[PDB]
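Here is the structure we will look at, set down as structure tokens.
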Amino acid sequence: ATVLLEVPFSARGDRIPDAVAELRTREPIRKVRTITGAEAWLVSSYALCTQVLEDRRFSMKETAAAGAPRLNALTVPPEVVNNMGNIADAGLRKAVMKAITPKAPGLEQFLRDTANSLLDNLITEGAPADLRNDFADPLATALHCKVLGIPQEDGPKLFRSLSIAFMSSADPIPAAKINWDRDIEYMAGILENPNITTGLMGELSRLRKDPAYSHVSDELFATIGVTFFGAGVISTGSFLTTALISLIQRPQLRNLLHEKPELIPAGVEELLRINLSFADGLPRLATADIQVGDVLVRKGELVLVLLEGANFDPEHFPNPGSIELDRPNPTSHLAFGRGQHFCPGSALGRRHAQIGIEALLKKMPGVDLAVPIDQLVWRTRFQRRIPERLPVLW
Ligand code: HEM
Ligand SMILES: Cc1cc(O)cc(C)c1C[C@@H]1NC(=O)[C@H](Cc2ccc(O)cc2)NC1=O
């Protein structure tokens, strides 16, 4: 006798378990047990993953309901699971979206200047360098302070909430509330601070005093700042870190992109496709009885959409483990999700990674791991897969 298959399968972000392809072939929707003890349906084919993500009857917001089967414990107030819906209901979606595009004047130059400064400092200090803690995460933090309009010197403290805020825990996390409440107070202070006139928080600060938004709550304005900083920084820092591993492990691709940087966008799109940064399937709660493949999912059941299931499905991406810069369907991966909840930061995340990689390959064309790959320490029970340190030489 064996227990019900447990998720997640592996916290390693440098390889997909052979188990994923066996599951997809034999049982592309199947029952699993999460870290809380709840049962859920794990969906691992491209066709069924897109079906779930394009049917709002599989609800994000309802995952927060009391009594629901849970993937993990909430680390935010339950109403914040519906953050984007709340922004939209408040009439703030176009303004938020506009503030977080990479198109703002000087943003790409800021990204390039910051990346080059971080890299020059690593070159001065000498090898080995830690490309997560001393490149990708500081580049993500600096980018999001600029996008939000808040001082660069406030980045580090907001960043240190994230090793707890994005935990994937069986139980509530006391520290998560301590840091959440503090970060909310910080963002409330920002809205009242007359120096803050640019970026997302500068715009929210103005809209808050506009009569057309007079009944939007102050809680929501502060919440948008905390959630967009946290989601953006953890997602871009973690994605760039694991993309750098995939690139370092492919010297032929590293050399090709170094020699022809015009291919970097197509490279980053493949690095997004094969990325293992999301540690768990995306959760949804059924609000009706719905057929998914051979399973009739019942109302109230938890469904987990395994992004690497979709993104390594050979029926959609032939030779899925290979980075191929000339695929016919290159952006059709699910790295940014799909449907109602498609990532609003997708363009910014692409540009963060493209500029970071462009800068690294110019400054460190001989970049290579400085330890055997198995020596990377993969963070556990977290919503992202990341190595604690990424030691490189060049
Ligand atoms: C490479 C970087 C990024 C990746 C891989 C990524 C990935 C994702 C994914 C897969 C989702 C869908 C979640 C779901 O459907 O359950 C999502 C949603 C979201 N992302 Fe991103 N993201 C990235 C960058 C960013 C950035 C830069 C921001 C903000 C600055 C951001 C903010 C959000 C928000 C607010 C949502 C929720 C949208 C909603 O519920 O409608 N992300 N992201
Ligand atoms: C768990 C968490 C902690 C935190 O301190 C801030 C946030 C935004 C989260 C949310 C968590 N992070 C994700 O990236 C995805 C996508 C998402 C992003 C933002 C959002 O507001 C709603 C959903 N899903 C999550 O549940």
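Don't worry about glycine lacking a Cβ; one is built from the backbone with ideal geometry, like all the others, and counts go over all protein chains shown. No lab work stands behind these numbers, since they all come straight from the coordinates.
Answer with yes or no whether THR227 is of a type in the set (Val, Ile, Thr), within 26 Å of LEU92 (Cα to Cα) and touching a residue at least 40 places away in the same chain (Cβ under 8 Å).
Spelling it out, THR227 is indeed of a type in the set (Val, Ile, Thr), within 26 Å of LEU92 (Cα to Cα) and touching a residue at least 40 places away in the same chain (Cβ under 8 Å).
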Could you look through the range 348-374, keep only residues that are within 9 Å of ligand 1 (Cβ to nearest atom) and among the aliphatic types (A, V, I, L, M), and pick out the one that is surrounded by the most Cβ atoms within 10 Å (Cβ to Cβ)? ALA353
Within the range 146-160, how many residues are surrounded by fewer than 22 Cβ atoms within 10 Å (Cβ to Cβ) and in contact (Cβ under 8 Å) with a residue 60 or more places away in the chain? 1
Only one of these is of a type in the set (A, V, I, L, M, F, W, C), within 16 Å of ligand 2 (Cβ to nearest atom) and buried (at least 16 other Cβ atoms within 10 Å of the Cβ): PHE312, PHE317, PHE336. Name it. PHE336
Of the residues in the range 252-311, those that are touching a strand residue (DSSP E or B) at 6+ places or on another chain (Cβ under 8 Å) and without any contact (Cβ under 8 Å) to a residue 12 or more places away in the chain come to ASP289, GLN291, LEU296
Counting only residues in the range 62-74 that are out of contact with any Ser or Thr (no Cβ under 6 Å at 6 or more places or on another chain) and assigned to a loop (DSSP other than H, G, I, E, B), the one farthest from ligand 2 (Cβ to nearest atom) is identified as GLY67
Has the range 212-222 got at least one residue that is under 28 Å from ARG379 (Cα atoms) and either within 16 Å of ligand 1 (Cβ to nearest atom) or surrounded by fewer than 22 Cβ atoms within 10 Å (Cβ to Cβ) (or both)? no
Here is a list: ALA1, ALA38. Which entry is surrounded by 14 or more Cβ atoms within 10 Å (Cβ to Cβ), farther than 21 Å from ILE274 by Cβ and more than 20 Å from the chain's Cα centre (by Cα)? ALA38
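Quick one: would you say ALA212 is within 16 Å of ligand 2 (Cβ to nearest atom) and in a helix (DSSP H, G or I)? Steps first, please.
Values: within 16 Å of ligand 2 (Cβ to nearest atom): no; in a helix (DSSP H, G or I): yes.
Here the answer is no, as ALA212 does not meet what is asked.
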Among (1) touching a helix residue (DSSP H, G or I) at 6+ places or on another chain (Cβ under 9 Å); (2) outside any loop (DSSP other than H, G, I, E, B); (3) within 28 Å of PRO387 (Cβ to Cβ), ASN133 falls short only on (1)
Can you find, within the range 75-113, the residue that is surrounded by the most Cβ atoms within 10 Å (Cβ to Cβ) among those that are more than 16 Å from ligand 2 (Cβ to nearest atom) and farther than 18 Å from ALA347 by Cβ? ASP113
Right, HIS352: closer than 30 Å to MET60 by Cβ and touching a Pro at 6+ places or on another chain (Cβ under 9 Å) or not? yes
Just to be sure I understand the filter: pairs with C-beta atoms under 6 Å, separated by 6 or more residues or on different chains, first member in the range 321-339 and under 30 Å from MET84 (Cα atoms), second member small (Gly, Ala, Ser). Which pairs pass? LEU334/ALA310; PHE336/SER346
Could you tell me whether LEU240 is assigned to a helix (DSSP H, G or I), under 30 Å from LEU276 (Cβ atoms), of a type in the set (A, V, I, L, M) and within 16 Å of ligand 2 (Cβ to nearest atom)? yes
Screening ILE196, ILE150, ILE164 for residues that are not charged (D, E, K, R) and not in a loop (DSSP other than H, G, I, E, B) leaves only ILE164
